[PDB]
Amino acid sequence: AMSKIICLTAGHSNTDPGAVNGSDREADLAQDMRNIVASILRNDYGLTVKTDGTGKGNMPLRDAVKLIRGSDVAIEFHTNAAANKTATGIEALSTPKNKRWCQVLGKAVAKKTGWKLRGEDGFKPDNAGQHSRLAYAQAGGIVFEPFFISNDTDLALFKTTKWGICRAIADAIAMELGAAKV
């Protein structure tokens, strides 16, 4: 696990913040997910994590893809959104190579939240995907959408259990890599 490289990035930016629900912005939620998961992987496990920093995300695709290629797992955090404010659940978009990783991530979040796993236990393939960062998924990264920002109830749960959810994600990544806590 100490030879492994985990890439974590955040979708969207301060100027183009993705989906919004009130004063909650996708860009901000994605920044929190990337930062918290990164910090736990580094602190609790001493693992190598490469990121697009601690600020907002939306690293240029060219640069992102270079990071994807240099890593063992690469995850960009996003929130889902629908006009239907009852739409709910967890999904991760990637190539079939990454199905197991998508399922590990999705299950980690489902256990903590009771949210529904969409797709195949949280996996949706790139060949059928529609996304602003579909190119990231096509390149072998994972576009992870743990919840719909448009779902007020799920968003409230996320906001009240953010650190616990992100710890579940970090712990699941470490477990899959066989990394013990340090």
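Residue positions are given as counts along the sequence shown, with the first one as 1.
Higher mean CA temperature factor, per the PDB entry, when comparing 32 to 40 with 64 to 72: 64 to 72.
The PDB entry records a higher mean C-alpha B factor for 120 to 128 than for its counterpart among 120 to 128 and 149 to 157. Comparing the C-alpha B-factors of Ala135, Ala27, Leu47, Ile142 in the entry, the top value falls on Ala135. When the CA B factors of the chain's modelled residues are split into thirds, the value for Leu93 lands in the middle one. Per the deposited record, the Cα B-factor of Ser23 falls in the middle third when ranked against the other modelled residues of its chain. Looking at the C-alpha B-factors along this chain, the one for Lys162 belongs to the middle third.
In the PDB entry, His78 places in the lowest third of its chain by CA B-factor. Among the modelled residues of its chain, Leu8 has a C-alpha B-factor that falls in the lowest third, as given in the PDB entry.
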